[PDB]
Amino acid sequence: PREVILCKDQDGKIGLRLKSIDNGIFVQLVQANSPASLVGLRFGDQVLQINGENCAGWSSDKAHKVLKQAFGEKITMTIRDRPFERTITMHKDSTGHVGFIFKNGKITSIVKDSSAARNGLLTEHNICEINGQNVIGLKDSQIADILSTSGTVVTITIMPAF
(Lines of atoms letter the chains of each structure in order from A and count residues from 1; the text may use other names and numbers.)
(Lines give C-alpha, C1' and ligand atoms only; values in the text may rest on other atoms or scores of the structure.)
Protein backbone atom coordinates (compact mmCIF):
# COMPACT_ATOMS: atom_id res chain seq x y z
CA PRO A 1 0.00 0.00 0.00
CA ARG A 2 1.20 3.49 -1.00
CA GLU A 3 -0.23 7.01 -0.56
CA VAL A 4 -0.48 9.37 -3.54
CA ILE A 5 -1.53 13.05 -3.29
CA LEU A 6 -3.48 14.48 -6.22
CA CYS A 7 -3.91 18.17 -7.12
CA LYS A 8 -7.28 18.85 -8.82
CA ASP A 9 -6.75 20.60 -12.15
CA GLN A 10 -9.04 23.65 -13.13
CA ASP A 11 -12.51 21.90 -13.32
CA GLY A 12 -12.06 19.91 -10.09
CA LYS A 13 -11.24 16.81 -12.14
CA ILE A 14 -8.50 14.23 -11.57
CA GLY A 15 -8.50 12.57 -15.04
CA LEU A 16 -9.47 9.24 -13.51
CA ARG A 17 -12.35 6.82 -13.94
CA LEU A 18 -12.97 4.27 -11.21
CA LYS A 19 -14.97 1.03 -11.34
CA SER A 20 -16.54 -1.17 -8.62
CA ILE A 21 -15.29 -4.80 -9.10
CA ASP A 22 -15.84 -7.58 -6.47
CA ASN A 23 -16.70 -4.91 -3.86
CA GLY A 24 -13.38 -3.16 -4.56
CA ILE A 25 -12.51 0.06 -6.37
CA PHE A 26 -10.16 -0.14 -9.32
CA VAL A 27 -8.56 2.27 -11.75
CA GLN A 28 -10.39 1.88 -15.13
CA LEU A 29 -9.33 4.93 -17.18
CA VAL A 30 -6.30 7.25 -16.74
CA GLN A 31 -6.17 10.25 -19.08
CA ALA A 32 -2.70 11.02 -20.48
CA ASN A 33 -1.01 14.19 -19.09
CA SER A 34 -3.47 14.42 -16.15
CA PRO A 35 -2.92 14.86 -12.34
CA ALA A 36 -3.64 11.10 -11.98
CA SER A 37 -1.13 10.12 -14.76
CA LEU A 38 1.55 12.23 -13.02
CA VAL A 39 1.45 10.46 -9.60
CA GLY A 40 1.76 6.92 -11.07
CA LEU A 41 -1.88 5.75 -11.36
CA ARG A 42 -2.23 2.85 -13.83
CA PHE A 43 -5.07 0.74 -15.26
CA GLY A 44 -5.85 -2.06 -12.75
CA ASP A 45 -4.49 -0.28 -9.66
CA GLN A 46 -6.69 -0.87 -6.59
CA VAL A 47 -7.84 2.11 -4.53
CA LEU A 48 -8.07 1.06 -0.83
CA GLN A 49 -8.90 4.51 0.62
CA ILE A 50 -9.95 7.99 -0.67
CA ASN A 51 -9.19 10.85 1.80
CA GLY A 52 -8.70 8.25 4.56
CA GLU A 53 -12.07 6.50 4.03
CA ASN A 54 -12.35 2.85 2.90
CA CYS A 55 -13.60 2.20 -0.68
CA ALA A 56 -14.88 -1.31 0.23
CA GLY A 57 -18.42 -1.81 -1.09
CA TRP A 58 -18.59 1.59 -2.82
CA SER A 59 -20.53 1.63 -6.11
CA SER A 60 -18.92 3.24 -9.22
CA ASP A 61 -21.17 6.31 -8.63
CA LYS A 62 -20.17 6.65 -4.96
CA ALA A 63 -16.44 6.71 -5.87
CA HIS A 64 -16.98 9.53 -8.41
CA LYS A 65 -19.41 11.44 -6.10
CA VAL A 66 -16.67 11.38 -3.38
CA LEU A 67 -13.88 12.62 -5.74
CA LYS A 68 -15.86 15.66 -6.94
CA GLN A 69 -17.52 16.55 -3.60
CA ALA A 70 -14.10 16.65 -1.89
CA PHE A 71 -13.23 19.99 -0.21
CA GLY A 72 -9.91 21.58 -1.25
CA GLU A 73 -7.87 20.88 -4.40
CA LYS A 74 -6.00 18.00 -2.69
CA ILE A 75 -7.14 14.37 -2.53
CA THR A 76 -5.13 11.62 -0.86
CA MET A 77 -5.42 7.98 -2.03
CA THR A 78 -4.07 4.71 -0.66
CA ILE A 79 -3.19 2.44 -3.61
CA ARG A 80 -2.26 -1.19 -4.24
CA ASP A 81 -0.07 -1.65 -7.40
CA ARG A 82 -2.11 -3.63 -10.05
CA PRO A 83 -2.80 -6.81 -7.94
CA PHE A 84 -4.11 -8.85 -10.94
CA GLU A 85 -0.94 -8.27 -13.07
CA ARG A 86 0.91 -11.38 -14.43
CA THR A 87 3.87 -11.60 -16.80
CA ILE A 88 4.22 -14.24 -19.58
CA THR A 89 7.31 -14.69 -21.84
CA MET A 90 6.90 -16.13 -25.35
CA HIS A 91 9.15 -16.64 -28.46
CA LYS A 92 8.35 -15.85 -32.08
CA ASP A 93 8.13 -18.85 -34.37
CA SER A 94 9.65 -18.94 -37.94
CA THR A 95 6.70 -16.82 -39.25
CA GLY A 96 7.34 -14.09 -36.61
CA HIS A 97 4.29 -14.93 -34.46
CA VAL A 98 3.85 -16.02 -30.78
CA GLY A 99 0.26 -17.28 -31.34
CA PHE A 100 -2.69 -15.16 -30.19
CA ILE A 101 -5.62 -13.22 -31.61
CA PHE A 102 -6.60 -9.94 -29.89
CA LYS A 103 -9.40 -7.36 -30.25
CA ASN A 104 -9.75 -4.09 -28.27
CA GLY A 105 -6.50 -4.98 -26.43
CA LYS A 106 -8.01 -8.23 -25.15
CA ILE A 107 -6.70 -11.73 -26.03
CA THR A 108 -9.65 -13.60 -27.67
CA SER A 109 -7.90 -16.73 -29.03
CA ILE A 110 -4.78 -18.95 -28.70
CA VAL A 111 -3.27 -20.69 -31.77
CA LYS A 112 -2.52 -24.49 -31.38
CA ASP A 113 1.13 -25.66 -31.02
CA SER A 114 2.18 -22.02 -30.57
CA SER A 115 4.46 -20.26 -28.03
CA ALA A 116 1.31 -18.79 -26.36
CA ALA A 117 -0.14 -22.33 -26.13
CA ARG A 118 3.10 -23.82 -24.67
CA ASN A 119 3.27 -21.01 -22.08
CA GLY A 120 -0.39 -21.27 -20.98
CA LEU A 121 -1.44 -17.77 -22.24
CA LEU A 122 -5.12 -17.08 -21.33
CA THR A 123 -8.09 -15.50 -23.15
CA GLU A 124 -10.40 -12.78 -21.66
CA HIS A 125 -7.28 -10.97 -20.48
CA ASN A 126 -6.39 -7.42 -21.43
CA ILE A 127 -2.75 -6.74 -22.44
CA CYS A 128 -1.06 -3.99 -20.39
CA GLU A 129 2.54 -3.93 -21.53
CA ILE A 130 4.60 -5.54 -24.29
CA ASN A 131 8.38 -5.70 -23.62
CA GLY A 132 8.15 -2.77 -21.18
CA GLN A 133 6.04 -0.47 -23.39
CA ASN A 134 2.55 0.45 -22.05
CA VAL A 135 -0.25 -0.51 -24.48
CA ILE A 136 -3.41 0.57 -22.52
CA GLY A 137 -5.16 3.19 -24.66
CA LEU A 138 -3.51 2.18 -27.99
CA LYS A 139 -5.53 1.13 -31.05
CA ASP A 140 -5.13 -2.52 -32.19
CA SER A 141 -2.99 -1.53 -35.23
CA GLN A 142 -0.46 0.31 -32.95
CA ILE A 143 -0.26 -2.77 -30.68
CA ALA A 144 0.43 -4.91 -33.82
CA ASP A 145 3.19 -2.41 -34.81
CA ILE A 146 4.94 -3.02 -31.44
CA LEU A 147 4.64 -6.84 -31.77
CA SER A 148 5.96 -6.67 -35.35
CA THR A 149 9.08 -4.66 -34.40
CA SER A 150 9.87 -7.00 -31.43
CA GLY A 151 12.88 -9.36 -31.31
CA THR A 152 12.31 -13.14 -30.75
CA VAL A 153 11.51 -12.65 -27.03
CA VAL A 154 7.97 -11.23 -26.45
CA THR A 155 7.19 -10.63 -22.72
CA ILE A 156 3.61 -9.43 -22.09
CA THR A 157 1.88 -8.32 -18.88
CA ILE A 158 -1.82 -9.22 -18.74
CA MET A 159 -4.80 -8.94 -16.34
CA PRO A 160 -8.23 -10.67 -16.34
CA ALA A 161 -10.70 -8.57 -18.43
CA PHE A 162 -13.29 -8.56 -15.56
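Residues carry their position along the shown sequence, with the first being 1.
Two stretches are in play, 5-13 and 19-27, and the higher mean C-alpha B-factor belongs to 5-13. The deposited model assigns a higher average Cα B-factor to 57-65 than to the other stretch when 131-139 and 57-65 are compared. Out of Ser37, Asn51, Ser109, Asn119, the entry records its largest CA B-factor for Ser37. Set against one another, the Cα B-factors of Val47, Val98, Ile101, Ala32 in the record reach their highest point at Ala32. Annotation for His91: C-alpha temperature factor in the lowest third relative to the rest of the modelled chain, per the entry.
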